[PDB]
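Q: Quick one: the structure is below, questions incoming.
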Amino acid sequence: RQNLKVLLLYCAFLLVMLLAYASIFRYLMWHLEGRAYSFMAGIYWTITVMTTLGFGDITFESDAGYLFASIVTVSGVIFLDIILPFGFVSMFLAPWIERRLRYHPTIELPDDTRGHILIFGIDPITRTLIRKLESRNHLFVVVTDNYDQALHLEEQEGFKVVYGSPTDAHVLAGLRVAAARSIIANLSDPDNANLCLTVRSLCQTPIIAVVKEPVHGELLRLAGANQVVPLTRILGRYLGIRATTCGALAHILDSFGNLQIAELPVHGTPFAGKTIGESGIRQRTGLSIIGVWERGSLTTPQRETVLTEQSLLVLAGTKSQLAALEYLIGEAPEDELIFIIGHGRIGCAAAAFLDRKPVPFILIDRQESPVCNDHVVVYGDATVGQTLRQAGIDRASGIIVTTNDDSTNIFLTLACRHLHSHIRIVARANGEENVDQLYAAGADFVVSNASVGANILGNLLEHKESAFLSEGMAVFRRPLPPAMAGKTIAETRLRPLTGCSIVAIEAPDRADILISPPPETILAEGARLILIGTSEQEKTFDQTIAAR
Amino acid sequence: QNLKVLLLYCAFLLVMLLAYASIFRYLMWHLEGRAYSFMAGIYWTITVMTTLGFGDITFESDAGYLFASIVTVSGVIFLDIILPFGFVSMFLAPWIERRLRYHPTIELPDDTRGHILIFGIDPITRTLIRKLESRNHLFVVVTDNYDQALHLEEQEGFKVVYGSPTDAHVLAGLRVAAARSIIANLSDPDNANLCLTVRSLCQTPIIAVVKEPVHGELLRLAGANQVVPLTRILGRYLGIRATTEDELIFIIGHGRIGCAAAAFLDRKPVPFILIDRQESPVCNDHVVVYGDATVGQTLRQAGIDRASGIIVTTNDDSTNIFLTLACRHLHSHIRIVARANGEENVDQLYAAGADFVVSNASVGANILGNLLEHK
Amino acid sequence: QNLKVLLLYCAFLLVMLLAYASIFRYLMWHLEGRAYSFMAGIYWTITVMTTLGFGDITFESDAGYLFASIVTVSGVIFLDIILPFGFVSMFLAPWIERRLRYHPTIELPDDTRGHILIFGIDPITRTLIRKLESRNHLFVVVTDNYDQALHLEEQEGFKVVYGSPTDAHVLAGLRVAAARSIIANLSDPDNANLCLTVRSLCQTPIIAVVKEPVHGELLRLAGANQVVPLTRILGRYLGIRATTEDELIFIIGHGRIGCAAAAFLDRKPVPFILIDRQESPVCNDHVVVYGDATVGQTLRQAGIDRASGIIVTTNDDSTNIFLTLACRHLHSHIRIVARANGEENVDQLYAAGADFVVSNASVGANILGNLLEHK
Amino acid sequence: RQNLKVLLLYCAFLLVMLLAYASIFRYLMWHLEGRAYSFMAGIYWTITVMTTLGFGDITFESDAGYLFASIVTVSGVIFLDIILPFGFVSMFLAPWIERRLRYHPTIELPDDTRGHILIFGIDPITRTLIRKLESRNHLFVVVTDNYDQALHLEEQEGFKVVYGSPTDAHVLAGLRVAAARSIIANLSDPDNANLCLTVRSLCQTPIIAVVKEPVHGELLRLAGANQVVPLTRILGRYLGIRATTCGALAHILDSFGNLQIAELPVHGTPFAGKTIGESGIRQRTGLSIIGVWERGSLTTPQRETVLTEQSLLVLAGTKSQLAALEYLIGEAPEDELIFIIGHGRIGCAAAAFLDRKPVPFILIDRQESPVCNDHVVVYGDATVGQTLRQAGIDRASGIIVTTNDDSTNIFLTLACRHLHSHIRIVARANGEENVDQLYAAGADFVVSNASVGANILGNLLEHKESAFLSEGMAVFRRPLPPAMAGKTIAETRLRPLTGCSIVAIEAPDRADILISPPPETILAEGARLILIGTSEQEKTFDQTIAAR
Ligand SMILES: NC(=O)c1ccc[n+]([C@@H]2O[C@H](COP(=O)([O-])OP(=O)(O)OC[C@H]3O[C@@H](n4cnc5c(N)ncnc54)[C@H](O)[C@@H]3O)[C@@H](O)[C@H]2O)c1
Ligand SMILES: NC(=O)c1ccc[n+]([C@@H]2O[C@H](COP(=O)([O-])OP(=O)(O)OC[C@H]3O[C@@H](n4cnc5c(N)ncnc54)[C@H](O)[C@@H]3O)[C@@H](O)[C@H]2O)c1
Ligand SMILES: NC(=O)c1ccc[n+]([C@@H]2O[C@H](COP(=O)([O-])OP(=O)(O)OC[C@H]3O[C@@H](n4cnc5c(N)ncnc54)[C@H](O)[C@@H]3O)[C@@H](O)[C@H]2O)c1
Ligand SMILES: NC(=O)c1ccc[n+]([C@@H]2O[C@H](COP(=O)([O-])OP(=O)(O)OC[C@H]3O[C@@H](n4cnc5c(N)ncnc54)[C@H](O)[C@@H]3O)[C@@H](O)[C@H]2O)c1
Ligand SMILES: [Ca+2]
Ligand SMILES: [Ca+2]
Ligand SMILES: [Ca+2]
Ligand SMILES: [Ca+2]
Ligand SMILES: [K+]
Ligand SMILES: [K+]
Ligand SMILES: [K+]
Ligand SMILES: [K+]
Ligand SMILES: [K+]
Ligand SMILES: [K+]
Ligand SMILES: [Zn+2]
Ligand SMILES: [Zn+2]
Ligand SMILES: [Zn+2]
Ligand SMILES: [Zn+2]
């Protein structure tokens with residue numbers, strides 16, 4: 001762009017100069033030597049001289065003619081044998097060499113940059129989040145204060161990289177944080193708090209902070225973070241619900257204090273092997289299966305779908321409906337013993353979850369935790385022989401192998417399954433390239449940090465236009481009033497009246513559900529609506545519909 | 001600079017032109033009995049060297065052929081070989097040694113005068129530079145570290161010299177004798193070495209920033225004209241702000257500043273508590289409650305509740321900001337005095353809920369500022 | 001490779017030549033009633049584009065002038081612009097991306113077959129390469145470390161690929177399915193990961209060098225076709241040489257080899273003493289006399305006098321050589337069995353006074369050698 | 001060289017091609033068009049075509065003539081517009097860019113390399129040794145196995161740098177160690193032993209090893225080292241002789257078991273302030289002052305020379321003559337107390353020397369020595385306040401400030417002199433750039449590691465042709481027999497008869513001495529000769545002279 005314009009601007013200067021010299025030529029040939037030449041001849045002569053061809057078939061004879069001829073001759077050499085290669089090599093090659101042998105850090109962002117997503121702090125989580133939304137061509141800009149990292153990130157793109165201090169208000173100004181679509185804060189908790197307070201001093205751009213410690217979640221929202229995601233707490237929890245011999249209800253949300261969302265692993269449950277409509281969950285519980293999660297895919301629950309030992313049911317309903325489901329499972333086995341290998345922030349949260357039930361566990365680690373003081377840990381290297389044995393791995397019922405190193409996880413899953421083919425093995429994969437090999441080692445289930453983290457962050461980014469909306473709001477369930485038995489969503493006009501929105505429409509005697517129904521959906525009789533709105537519109541709901 | 005070699009070549013070319021134009025007329029006359037003008041000789045010579053070659057004026061003798069061949073070869077060598085060979089080996093060569101492979105400045109120009117030498121760059125001296133740009137001094141920072149020299153070279157408001165600060169030959173190339181003033185911001189043993197070395201050459205005014213107030217006397221002995229104990233000053237500020245019976249002040253951070261704060265609150269005297277994750281390697285006169293403050297219980301354990309004031313003094317601004325948030329979140333009214341290492345974090349410490357913020361960069365640069373003006 | 005783009009251009013140029021030579025004759029005829037030969041058209045066209053410009057054959061019409069101008073401009077663009085622009089941006093450009101800034105090979109050519117993948121380069125596998133060069137295999141070493149890739153690139157007898165050994169997409173680009181054999185010389189957890197990943201793609205024979213004999217069974221489970229416990233073997237060798245009552249053997253070095261030596265001398269059984277500067281991070285079944293052996297008294301303290309044999313087993317050949325000298329200098333006849341990490345130090349261990357020398361590189365490469373031949 | 005030859009070989013190809021085309025031109029012009037042109041015309045035409053000038057005044061008219069003309073035209077462009085710039089840029093610029101932006105390690109040395117000095121292991125010692133003999137233009141080649149060090153050393157030269165494993169026999173082969181003049185082994189003791197044993201497997205080139213531990217001196221000579229230099233032991237010793245309040249005799253050599261060399265510091269001695277001939281040392285001792293060392297200069301002792309508080313007398317004589325001198329000093333002060341700051345290998349040797357007298361000392365250090373177990377050390381940081389005070393620095397009589405850090409040394413010398421203007425301060429300078437500032441701090445004497453080490457190594461390199469000669473030999477002293485009273489050294493023929501050599505000739509009643517007298521020196525009556533020879537020629541000395 002910038003260089004091309006200067007390139008053909010030079011072509012316009014030459015073409016003008018050509019016509020100039022061609023005209024002066026015809027002029028002088030007439031007024032000095034009494035020769036009349038055509039316009040074409042003038043162009044023909046001028047080109048002949050500049051290109052240094054020099055046929056000599058049209059030449060001057062006077063000194064003044066020699067003078068003009070010499071000038072046109074030098075002009076050609078200067079502007080076709082000197083400037084043209086030099087001008088080329090300086091405007092073209094200087095960028096091409098300097099920028100390719102010598103990393104020039106992107107210190108700023110173009111002023112016209114709008115609707116971009118600022119990523120702070122790169123890791124397998126955000127690394128995956130980028131790659132999964134780069135398939136979507138989202139304008140991603142990751143920032144870092146590490147020189148040796150910026151150029152590394154420049155090689156696999158992907159994305160754009162800005163090198164500067166994430167907390168610096170001036171660096172943020174050059175990042176155009178005001179025009180930003182969203183901001184992912186994945187630095188340490190003290191750094192994130194610094195980032196949020198600084199961003200808030202410039203704009204109100206929505207920030208998603210990935211809090212390094214569940215306690216610091218409150219402090220980050222105070223800093224200005226519109227959303228807070230405790231990964232390890234969630235990741236550890238996901239390691240835990242899978243670790244038990246028989247699956248149990250896992251409470252997710254208790255909004256509105258009457259409607260709850262809860263997930264349930266199907267492994268070890270009576271629902272394992274049967275289909276959804278066969279087990280009759282909604283039938284005996286009154287719940288709403290709002291999705292079946294299996295192998296990284298949230299699918300619409302159908303009666304044909306066969307629940308496997310690796311499934312996960314997303315459920316919604318009242319408080320007495322969840323307790324009705326826990327009754328059907330219904331009891332947990334006795335004398336469970338869960339070995340948790342690795343005592344980091346994830347391994348800790350894994351035990352923390354298993355303690356909220358509670359279930360007797362054992363922690364094994366190489367060193368003393370610098371953060372936790374509430375858990376008892378058996379100190380020892382899980383690789384060195386007899387270390388697991390002496391800890392009493394024999395009477396264990398399940399093992400959570402959660403180490404910061406994947407090859408070690410794979411090696412422990414490999415060894416444990418080799419010694420105890422019976423016990424349940426849950427493995428943790430830091431990188432998603434190691435997930436398959438963990439299953440191949442003998443693990444019954446694998447929790448991938450990167451993928452799980454990317455899904456959460458991603459969904460919070462896609463549903464962003466309704467994220468801070470749905471935040472501070474309460475989801476609710478209303479049985480379709482017999483008045484609208486046969487009316488269309490667009491015809492009913494629910495939103496302009498009440499203010500809420502239809503997120504789900506399920507049939508009377510069916511586990512089948514219609515997630516996010518289009519306005520042209522024709523409602524039926526006995527259907528059960530699941531809506532989302534403010535804790536003010538939920539009360540002005542039954543008010544508005546009955547009073548029109 | 002490269003101009004002088006280039007237009008000298010143009011001078012030689014111009015001479016070679018007139019020389020060839022002259023011989024042309026002389027030869028044309030004596031060789032073949034032809035009388036050509038001066039412009040004809042210029043026009044002919046140009047036509048030959050530029051290799052245009054109109055052929056309208058050509059010799060017919062062997063002596064004329066030889067000459068023509070000589071002028072032709074000259075046009076090739078001195079326009080199609082040397083002229084481009086010059087180009088690349090005159091200012092495309094310094095282009096690689098200064099833009100493709102970082103070339104550190106190891107010495108200043110001989111005539112350099114009225115410049116300010118900065119030894120040991122930090123947020124304080126970095127701010128001292130951008131605070132005196134309106135006076136338009138020439139700030140030169142000197143570092144014995146290669147990597148630091150490179151980072152300080154891409155961003156600029158000052159000059160960057162790479163070499164041993166404590167070397168006499170390096171100080172000589174820095175033209176210290178012609179310097180306006182020198183700022184010593186290295187460690188105490190280094191500054192002592194820096195002064196004694198400078199004093200062997202010149203008597204340039206030295207403003208040394210001392211690490212321990214006790215060492216201040218020694219730095220004067222070395223040769224410093226002024227000594228600035230900032231952490232005593234910065235520590236004194238934090239202590240003054242924390243106060244202006246049951247009055248308990250928490251000092252979170254037991255470094256040289258935090259220590260100076262505690263040392264100040266002994267003169268009042270006001271009871272205090274020092275919390276740190278590590279035992280001070282320089283101090284053994286204060287009592288420190290050990291344990292990391294970010295973890296959690298330590299603030300509640302030591303009793304942040306019955307405290308009247310809090311002083312957050314960590315070398316990490318992000319940590320400070322985080323602690324200021326936590327304290328303000330726990331006790332919504334307690335006096336919180338925070339420390340700012342960089343001036344970029346001052347606004348966020350107040351946003352976090354601090355009642356007063358002391359900036360090391362601001363206070364530091366202001367003192368060093370008012371010492372370079374009232375020299 | 002760049003040839004094909006270059007001579008295609010020569011083909012285009014040749015076509016453009018004949019095209020211009022043809023139009024020339026056609027125009028000369030129809031425009032000005034002149035009949036020129038084919039060679040005249042070639043000769044004229046060349047003369048114009050090369051900008052020689054004899055002017056002996058020139059048009060006199062405007063249509064002829066236009067054409068001449070077009071052929072002239074073409075000679076400039078397609079010989080003085082594109083021809084050099086091609087040059088620089090065709091094989092002077094790969095010259096910078098491969099000789100001025102190290103470009104690591106991240107993938108092998110699609111057709112690559114019969115190659116041997118080496119995972120984890122060391123004096124053993126480095127010797128395995130230079131020991132099978134007469135068979136002319138294609139050895140490719142793979143390292144996830146940038147710096148190591150660069151050092152292994154300047155010196156060569158093998159191919160160097162940079163990337164994560166435990167990545168499926170990286171193994172796919174290494175064409176493991178077409179590989180002759182794979183050598184796993186990484187840590188035990190890594191090899192387990194390496195095998196399980198390879199087995200998901202292909203069933204290429206894997207020769208895994210296991211770190212702990214107990215883990216050998218696990219590596220077979222992972223997918224290895226052969227497992228080689230060298231330190232057990234190397235330790236066994238040292239023990240066999242140390243012997244073939246009051247017989248005391250000193251083992252200087254308590255690593256996995258030294259441990260294996262001690263583990264072997266328990267089966268005999270022959271009393272021994274293990275001397276090391278550090279407690280073994282993997283072993284807790286042997287008794288080690290702690291203290292550095294180079295310092296001095298430790299050899300005299302433990303009683304190197306009443307010993308019958310000495311086994312020097314340190315991961316440092318220079319240390320070994322030095323200890324072998326010291327022992328031979330103290331006791332001029334005592335049995336000294338030394339360990340050689342590299343094969344370059346074997347001769348100096350004997351020169352130092354060793355009675356027999358076991359070379360890790362030699363023994364290692366020979367086993368791995370006879371496993372790739374009798375596949 | 002290599003590139004220049006290819007350059008003007010191309011000029012010879014062109015000149016031949018010019019003459020070729022010029023000849024074929026005249027040939028064709030005759031046989032094809034009946035035109036006769038001169039030799040000059042042919043050159044004139046051919047040049048005109050190749051250079052693309054193209055006057056057109058001499059042109060062909062036939063097709064065959066057009067064919068030849070076109071060939072010469074293309075030939076010119078290929079060989080003056082294509083090959084000439086390309087050939088240039090590939091033979092010239094490729095070395096100039098690649099070798100200047102990308103370090104190409106010198107892996108080998110040219111076969112014809114003879115009489116070079118191989119330096120192994122670079123440090124302030126060898127760094128100085130190089131710079132001091134690079135003023136002498138000695139062919140120095142330093143070797144290293146550190147990639148990030150080889151290119152650093154390439155920037156300040158000085159010297160040439162070979163990058164390879166010093167112990168590798170193949171790397172040594174490429175270094176041409178056989179043709180080497182000498183080898184300086186300055187690696188660790190285990191590495192040096194490896195180096196020597198390897199070099200000895202190839203050649204018998206003299207090796208000077210710098211042993212890191214005085215005990216390992218025996219083991220290195222066994223490895224093949226022709227010479228062994230314990231620097232710290234020597235450096236520590238030099239710190240010690242200067243530390244005492246009053247100087248004392250320091251025994252250097254006891255060769256032949258009757259002649260000894262010994263040095264003596266003049267500080268605190270009665271000789272301080274007076275001249276050599278005034279104190280009358282040779283007079284009252286019978287010794288031979290073979291040199292006066294002051295301020296880095298070994299000068300010939302003259303009666304005019306004034307001994308200062310910083311002088312050092314190099315002496316030679318029998319065993320009873322040295323004891324006669326210690327009598328003249330003659331006694332040491334009482335209750336001396338020497339504080340030695342820093343307990344490394346040098347600080348250790350300093351105490352080791354002070355214990356061989358003995359003199360009560362105190363050691364202070366930050367940490368426990370990993371090598372020594374014989375000395376008691378007061379653990380503490382000498383920078384932190386009251387640390388020296390509590391150790392009892394008050395009743396000390398002298399301080400040896402010997403730290404690995406010069407700025408610290410300077411800062412301690414500065415502080416100690418400020419608190420105790422009376423006590424003697426000996427300081428250690430790792431780098432010679434810090435020597436002057438140590439004196440400026442208040443030190444009474446400074447021992448520079450680099451300079452002292454360079455002098456020893458240097459003298460062992462210059463006197464190399466007589467180093468291994470004088471090694472294993474015994475220096476002796478013989479009173480000039482009255483028979484040669486008036487005869488010249490060359491006339492006497494001492495060497496061809498006995499086998500020894502005259503190294504010194506001193507006068508009867510004079511402290512003046514003639515070091516290394518020229519053969520034309522006319523001997524006198526009563527002169528005292530100091531010779532050097534084998535322990536076999538010293539006995540065949542008095543035998544040969546008396547029996548002719
Ligand atoms: N709290 C959150 O929800 C959240 C959110 C976003 C990011 N993060 C960040 O993600 C990080 C993830 O936590 P993590 O990766 O540090 O936890 P981690 O479990 O990976 O920590 C590793 C632990 O495993 C142990 N270990 C390693 N090898 C072992 C072996 N062979 N035998 C026994 N033990 C072994 C070590 O002792 C160590 O304690 C957190 O540190 C946090 O900063 C956290
Ligand atoms: N003589 C003077 O007045 C003067 C003047 C200018 C400069 N200086 C120099 O400036 C330097 C700056 O001092 P400084 O910045 O290192 O002092 P500092 O107070 O910042 O020291 C840092 C301390 O904070 C603590 N810390 C860090 N993170 C913590 C956490 N999460 N929880 C609890 N504690 C934590 C550490 O234990 C550490 O001791 C000084 O070393 C001094 O030499 C001195
Ligand atoms: N299962 C197998 O048989 C097998 C096969 C091939 C490879 N391997 C692997 O090869 C690796 C190589 O083992 P290694 O070379 O580390 O064993 P090692 O014997 O060389 O271990 C080194 C030890 O020598 C000691 N040491 C070093 N300097 C000393 C000194 N100056 N004085 C006294 N002691 C000193 C250290 O304490 C250290 O423990 C092993 O880790 C192993 O995993 C194993
Ligand atoms: N033995 C020989 O003669 C010889 C010959 C050639 C080379 N060398 C090598 O030269 C090296 C020189 O020895 P060195 O430099 O390691 O000895 P060193 O005296 O420099 O070691 C430094 C010591 O000073 C102490 N120290 C540092 N700061 C201090 C402070 N503020 N207060 C108190 N103590 C402080 C440290 O504890 C440390 O022990 C040797 O290690 C050896 O390898 C030796
Ligand atoms: Ca894998
Ligand atoms: Ca900030
Ligand atoms: Ca060797
Ligand atoms: Ca100095
Ligand atoms: K031309
Ligand atoms: K003509
Ligand atoms: K004509
Ligand atoms: K021409
Ligand atoms: K021409
Ligand atoms: K012409
Ligand atoms: Zn815990
Ligand atoms: Zn303190
Ligand atoms: Zn063992
Ligand atoms: Zn000692």
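Residues are named by chain letter and number: chains run A, B, ... in the order of the structure tokens, numbers start at 1 in each chain, and ligands are numbered from 1 in the order shown.
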If we count only C-alpha atoms and set the cut-off at 8 Å, which residues sit around stretch 33-46 of chain A, ignoring sequence neighbours fewer than 2 positions away in its own chain? Please answer as a PyMOL selection string.

A: (chain A and resi 18-19+21-23+25-26+28-31+48-50+58+60-62+72) or (chain C and resi 62+65-66+68-69)

Q: Write out, as an mmCIF file, in the first residue's frame, the residues just selected, with N, CA, C and O atoms.

A:
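part.cif written:
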data_model
loop_
_atom_site.group_PDB
_atom_site.id
_atom_site.type_symbol
_atom_site.label_atom_id
_atom_site.label_comp_id
_atom_site.auth_asym_id
_atom_site.auth_seq_id
_atom_site.Cartn_x
_atom_site.Cartn_y
_atom_site.Cartn_z
ATOM 1 N N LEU A 18 8.668 11.836 -19.737
ATOM 2 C CA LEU A 18 8.742 11.347 -21.108
ATOM 3 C C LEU A 18 8.041 12.316 -22.053
ATOM 4 O O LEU A 18 8.615 12.747 -23.053
ATOM 5 N N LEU A 19 6.800 12.660 -21.724
ATOM 6 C CA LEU A 19 6.017 13.586 -22.532
ATOM 7 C C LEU A 19 6.648 14.972 -22.556
ATOM 8 O O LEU A 19 6.563 15.682 -23.557
ATOM 9 N N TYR A 21 10.009 15.719 -22.242
ATOM 10 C CA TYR A 21 11.174 15.656 -23.114
ATOM 11 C C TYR A 21 10.795 15.441 -24.575
ATOM 12 O O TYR A 21 11.460 15.951 -25.474
ATOM 13 N N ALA A 22 9.727 14.686 -24.807
ATOM 14 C CA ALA A 22 9.257 14.438 -26.163
ATOM 15 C C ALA A 22 8.763 15.727 -26.806
ATOM 16 O O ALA A 22 8.962 15.955 -28.000
ATOM 17 N N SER A 23 8.120 16.571 -26.005
ATOM 18 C CA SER A 23 7.610 17.848 -26.488
ATOM 19 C C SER A 23 8.743 18.832 -26.755
ATOM 20 O O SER A 23 8.793 19.458 -27.814
ATOM 21 N N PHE A 25 11.739 18.140 -27.369
ATOM 22 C CA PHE A 25 12.479 17.623 -28.517
ATOM 23 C C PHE A 25 11.920 18.154 -29.834
ATOM 24 O O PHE A 25 12.651 18.727 -30.641
ATOM 25 N N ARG A 26 10.622 17.947 -30.043
ATOM 26 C CA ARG A 26 9.953 18.424 -31.246
ATOM 27 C C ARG A 26 10.067 19.936 -31.360
ATOM 28 O O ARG A 26 10.168 20.479 -32.461
ATOM 29 N N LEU A 28 12.589 21.915 -30.117
ATOM 30 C CA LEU A 28 13.953 22.287 -30.469
ATOM 31 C C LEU A 28 14.320 21.874 -31.892
ATOM 32 O O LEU A 28 14.967 22.632 -32.610
ATOM 33 N N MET A 29 13.896 20.680 -32.300
ATOM 34 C CA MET A 29 14.156 20.205 -33.658
ATOM 35 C C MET A 29 13.604 21.167 -34.703
ATOM 36 O O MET A 29 14.151 21.288 -35.798
ATOM 37 N N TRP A 30 12.522 21.853 -34.354
ATOM 38 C CA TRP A 30 11.930 22.838 -35.248
ATOM 39 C C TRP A 30 12.665 24.175 -35.175
ATOM 40 O O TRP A 30 13.194 24.655 -36.177
ATOM 41 N N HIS A 31 12.710 24.765 -33.986
ATOM 42 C CA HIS A 31 13.245 26.116 -33.827
ATOM 43 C C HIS A 31 14.767 26.223 -33.922
ATOM 44 O O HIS A 31 15.305 27.327 -34.002
ATOM 45 N N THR A 48 14.306 6.006 -26.848
ATOM 46 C CA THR A 48 15.588 5.566 -27.402
ATOM 47 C C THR A 48 16.797 6.098 -26.620
ATOM 48 O O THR A 48 17.807 5.408 -26.474
ATOM 49 N N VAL A 49 16.680 7.316 -26.103
ATOM 50 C CA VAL A 49 17.778 7.945 -25.373
ATOM 51 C C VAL A 49 17.852 7.515 -23.904
ATOM 52 O O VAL A 49 18.925 7.162 -23.411
ATOM 53 N N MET A 50 16.715 7.551 -23.212
ATOM 54 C CA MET A 50 16.658 7.195 -21.793
ATOM 55 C C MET A 50 17.056 5.746 -21.538
ATOM 56 O O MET A 50 17.784 5.447 -20.591
ATOM 57 N N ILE A 58 18.108 9.558 -35.521
ATOM 58 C CA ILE A 58 17.609 10.905 -35.300
ATOM 59 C C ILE A 58 18.495 11.578 -34.262
ATOM 60 O O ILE A 58 18.409 11.284 -33.071
ATOM 61 N N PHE A 60 20.750 15.443 -33.194
ATOM 62 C CA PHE A 60 20.923 16.873 -33.402
ATOM 63 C C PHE A 60 22.261 17.146 -34.091
ATOM 64 O O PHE A 60 23.087 16.247 -34.239
ATOM 65 N N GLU A 61 22.463 18.390 -34.514
ATOM 66 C CA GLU A 61 23.706 18.803 -35.156
ATOM 67 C C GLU A 61 24.244 20.081 -34.528
ATOM 68 O O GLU A 61 25.426 20.390 -34.645
ATOM 69 N N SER A 62 23.365 20.811 -33.846
ATOM 70 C CA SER A 62 23.738 22.055 -33.176
ATOM 71 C C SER A 62 24.203 21.805 -31.743
ATOM 72 O O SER A 62 23.894 20.768 -31.159
ATOM 73 N N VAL A 72 18.872 14.739 -21.536
ATOM 74 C CA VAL A 72 17.933 13.626 -21.607
ATOM 75 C C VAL A 72 18.660 12.305 -21.370
ATOM 76 O O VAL A 72 18.104 11.369 -20.799
ATOM 77 N N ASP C 62 5.541 6.091 -38.239
ATOM 78 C CA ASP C 62 5.083 6.213 -36.860
ATOM 79 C C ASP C 62 4.692 4.855 -36.292
ATOM 80 O O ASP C 62 4.970 4.556 -35.131
ATOM 81 N N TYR C 65 7.785 3.276 -35.505
ATOM 82 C CA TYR C 65 8.349 3.894 -34.312
ATOM 83 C C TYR C 65 7.701 3.344 -33.043
ATOM 84 O O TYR C 65 8.393 3.052 -32.064
ATOM 85 N N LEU C 66 6.376 3.208 -33.066
ATOM 86 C CA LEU C 66 5.632 2.672 -31.930
ATOM 87 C C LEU C 66 6.131 1.273 -31.597
ATOM 88 O O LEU C 66 6.482 0.987 -30.452
ATOM 89 N N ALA C 68 8.912 -0.211 -32.406
ATOM 90 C CA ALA C 68 10.287 -0.154 -31.928
ATOM 91 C C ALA C 68 10.330 0.231 -30.452
ATOM 92 O O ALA C 68 11.098 -0.337 -29.676
ATOM 93 N N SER C 69 9.496 1.193 -30.072
ATOM 94 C CA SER C 69 9.409 1.630 -28.684
ATOM 95 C C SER C 69 8.903 0.509 -27.778
ATOM 96 O O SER C 69 9.388 0.338 -26.659
#

Q: Find the residues near stretch 170-187 of chain D: any atom within 6 Å, counting only C-alpha atoms, skip ones fewer than 2 places away on the same chain, and give them as a list in words.

A: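 Neighbouring residues, sequence-local ones excluded: residues 108, 109, 114, 115, 116, 117, 118, 119, 120, 121, 168, 191, 192, 203, 206, 207, 208, 209 and 210 of chain D.
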
Q: Please, which residues have at least one atom within 10 Å of an atom of ligand 13, using only C-alpha atoms and all ligand atoms, listed as a PyMOL selection string?

A: (chain A and resi 48-49+52-57) or (chain B and resi 47-48+51-56) or (chain C and resi 47-48+51-56) or (chain D and resi 48-49+52-57)

Q: Give as number ranges by chain every residue of chain A that touches chain B within 8 Å, counting only C-alpha atoms.

A: A: 49, 52-57, 59, 63, 66-67, 69-70, 73-74, 77, 98, 101-102, 168-169, 189-191, 193-194, 197-198, 219, 223, 371

Q: Residues within 6 Å of ligand 1 (only C-alpha atoms and all ligand atoms), as a ChimeraX atom specification?

A: /A:210-214,230-233,341-347,364-367,381-383,402-404
